[PDB]
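No lab work stands behind these numbers, since they all come straight from the coordinates. Methodologically, a virtual Cβ is constructed for each residue, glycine included, from the backbone with ideal geometry; neighbour enumeration extends over all protein chains shown.
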2 protein chains.
Amino acid sequence: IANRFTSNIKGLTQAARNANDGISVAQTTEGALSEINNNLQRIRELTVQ
Amino acid sequence: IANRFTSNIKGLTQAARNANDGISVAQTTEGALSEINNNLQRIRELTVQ
């Protein structure tokens with residue numbers, strides 16, 4: 001049972017690290033999307049003009 | 001909703017600027033029309049004479 005618990009603890013810690021990496025991926029993609037959105041807003045203003 | 005509000009505000013402001021340009025155009029044309037009308041009135045006076 002101690003072996004099983006050690007395996008589970010190590011796996012869960014590594015999974016937490018993986019989830020942190022995924023959060024980083026999401027943040028980077030969202031920043032790129034925000035810049036694209038600002039460009040689109042400016043283009044719409046130019047079209048209205 | 002904030003993005004939509006920003007787009008609407010920008011569009012309305014630019015449309016107001018274009019409308020102001022419209023008043024400018026109309027004022028210029030009305031000034032030319034006033035000059036033409038004054039010339040026509042003087043021509044009428046000369047014809048009456």
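The table for this structure:
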item	result
All positions within region B:11-22 that are of a type in the set (A, V, I, L, M) and within 11 Å of chain A (Cβ to nearest Cβ)	B:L12, B:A15, B:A16
Any hit, region B:23-45, residues being within 15 Å of the chain's Cα centre (by Cα), among the charged types (D, E, K, R) and within 11 Å of another protein chain (Cβ to nearest Cβ)	no
Yes/no for B:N8 being within 30 Å of A:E45 (Cα to Cα) and either within 14 Å of another protein chain (Cβ to nearest Cβ) or free of Cβ contacts under 8 Å to residues at least 12 places away in the same chain (or both)	yes
